[PDB]
Amino acid sequence: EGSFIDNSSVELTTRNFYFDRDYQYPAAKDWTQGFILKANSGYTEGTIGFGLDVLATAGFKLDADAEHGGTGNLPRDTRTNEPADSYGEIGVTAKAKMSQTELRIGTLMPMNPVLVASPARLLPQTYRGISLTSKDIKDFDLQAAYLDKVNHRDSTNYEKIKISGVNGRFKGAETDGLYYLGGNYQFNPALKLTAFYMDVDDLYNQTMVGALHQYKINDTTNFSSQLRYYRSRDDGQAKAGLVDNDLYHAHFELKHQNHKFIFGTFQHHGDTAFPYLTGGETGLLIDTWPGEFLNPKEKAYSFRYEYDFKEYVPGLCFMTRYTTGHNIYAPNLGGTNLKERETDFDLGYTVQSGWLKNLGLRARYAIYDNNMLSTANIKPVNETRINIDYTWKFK
């Protein structure tokens, strides 16, 4: 009984994480230590191959006053509100696969343009469900899933999925489950086109379409164009209320030598905001941090620089971004035509290479403001994140 175990991988990340959200509601602030264990067995020999994945996860308090609770890093007692001394999920996934087409059941971590299990706090959020995925049809990279429960990043248990009522944009309310499906086509070597559909029962459905385009000029000098469209609405009884949003997101990139230069825009049309699920973020951006820019009717613009430092220090890498929003419609929260500001700074040192393969060191700072009412959930804030990740590889 060889492959299953000869090919198994076994990795253990250790993170030390400091999170502080300060306003001028008190600070939401903690210092925490994490442990993430992934064991994915190889595949059994045969026409069909069988396997077993394991996620084992544990967080511990280091300094965390109860009055600064509810960052996403520790759960908190629903009687007393103390953030826990410690906590841990154990999840398990089965696998089957012929060719390059696989089928999974149990803990899952979807990551596509409509849906993202959340990496953004100490521990990941997971769903449970069934996926199917396949690259066997030529040029098509596909995925589908049916998901029925969710385990949060700051919880221990599988709950029912539900929709965020942030800012009063929608009545929060829970579903029985959701599916997605889509993937993408490679049209020709420069161009690549994407399509998804996600139906969340009695809550909302969504259409995503898109296209990425590559164009090179030098060895050092490079440029891409991505144009996406998202049509968000109601499946059946619509227990959330009205959902009527059309989003257009264009995103361009010029890389020259070690520098990048990036422009984004969101353009919202319709009567409401762009909906999403609780305990996480969106499949729109890989991160955009405390400010999110999804208010109803909003028009927003984003500018980004990056600098890779190979020349001086292999592994070192820097970023900064200015993001502005407007014609924002929230009469409950102080007006039509409101606005949002953010300034992000981000410094990542990661050692690929060497005997410290996989050692991470990272600062992130954000300065977010608005002119909306103090009684909004998304509130003017200055957030700090520092983390120290290392990973062992036992096999």
Need one number: nm distance between label points at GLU174 and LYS395, each 7 Å from Cα along Cα→Cβ, rounded to one decimal. 3.8 nm
I'd like the distance between the alpha-carbon centres of the range 7-32 and the range 297-376, rounded to an integer number of Å. 18 Å
Could you pull out every one of the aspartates and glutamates with an alpha carbon less than 12 Å from that of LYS395, ignoring same-chain neighbours closer than 8 positions? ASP6, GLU11
Of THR220, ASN151, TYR127, which is farthest along the charge dipole of the range 94-241 in the positive direction, counting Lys and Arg as +1 and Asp and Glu as -1 at C-beta? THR220
Relative to a virtual label point 7 Å from the Cα of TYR158 in the Cα→beta-carbon direction, which members of the range 178-200 show backbone nitrogen distances below 14 Å? 178
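Among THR323, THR220, which comes first, second and so on when ranked by fewest other beta-carbon atoms within 10 Å? Each step should come with its number before you reach the end.
Values: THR323 23, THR220 11.
If I rank by nearby Cβ atoms, fewest first, I get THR220, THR323.
Go ahead and run the numbers for FRET between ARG231 and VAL351, Cβ-Cβ distance against an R0 of 51 Å, rounding to 0.05. Before the final figure, lay out each step's value.
On the way: r = 43 Å, r/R0 = 0.85.
That gives a FRET efficiency of 0.75.
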Once phi for every residue in the range 274-282 is put through the Karplus expression 6.51 cos²θ - 1.76 cosθ + 1.60 (θ = phi - 60°), the whole-Hz ³J(HN,Hα) values, with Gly and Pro written as x, are 9, x, 7, 8, 6, x, x, 10, 10
Low-density loop cleavage sites - chymotrypsin sites (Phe, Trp or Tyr not before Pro) in the range 246-352, where at most 16 other Cβ are within 10 Å (DSSP): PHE309, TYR312
Just going by the charge dipole of the chain, with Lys and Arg at +1 and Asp and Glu at -1 on Cβ, which of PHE309, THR78, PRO26 is farthest out on the positive end? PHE309
Global form of the chain, assessed from the alpha-carbon gyration tensor, a/c cut-off 1.5: rounded
A 29 angstrom limit on the alpha carbon distance is what I want to check against. Which of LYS149/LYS239; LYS149/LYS299; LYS162/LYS260; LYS95/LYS255; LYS216/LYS357; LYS95/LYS160 exceed it? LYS149/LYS299; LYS162/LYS260; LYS95/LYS255; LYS216/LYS357
What list of ³J(HN,Hα) values in whole Hz, one per residue of the range 171-184 in order, does the Karplus curve 6.51 cos²θ - 1.76 cosθ + 1.60 (θ = phi - 60°) give from phi, with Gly and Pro shown as x? 5, x, 4, 10, 10, 7, x, 9, 10, 10, 5, x, x, 8
Can you sort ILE286, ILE262 so the residue with the fewest Cβ neighbours within 10 Å comes first? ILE286, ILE262
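Per-residue ellipticity at 222 nm for the chain, helices alone: DSSP H runs ≥ 4 residues times -39500 (n - 2.57), over residue total, nearest 500 deg cm²/dmol? It would help to have the intermediate numbers written out before the result.
On the way: 1 runs with 4 residues, N = 395.
Computed mean residue ellipticity for the chain: 0 deg cm²/dmol.
Sorted from fewest to most neighbouring beta carbons within 10 Å, what does the list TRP31, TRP392, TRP289, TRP355 look like? Mind showing how you got there, number by number?
Values: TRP31 15, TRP392 11, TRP289 19, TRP355 6.
Fewest-to-most ranking of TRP31, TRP392, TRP289, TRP355: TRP355, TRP392, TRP31, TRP289.
FYI, it's all coordinate maths here, none of it is from the lab. In this analysis, Cβ positions are derived from the backbone assuming ideal geometry, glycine residues included, and neighbour counts consider all displayed protein chains.
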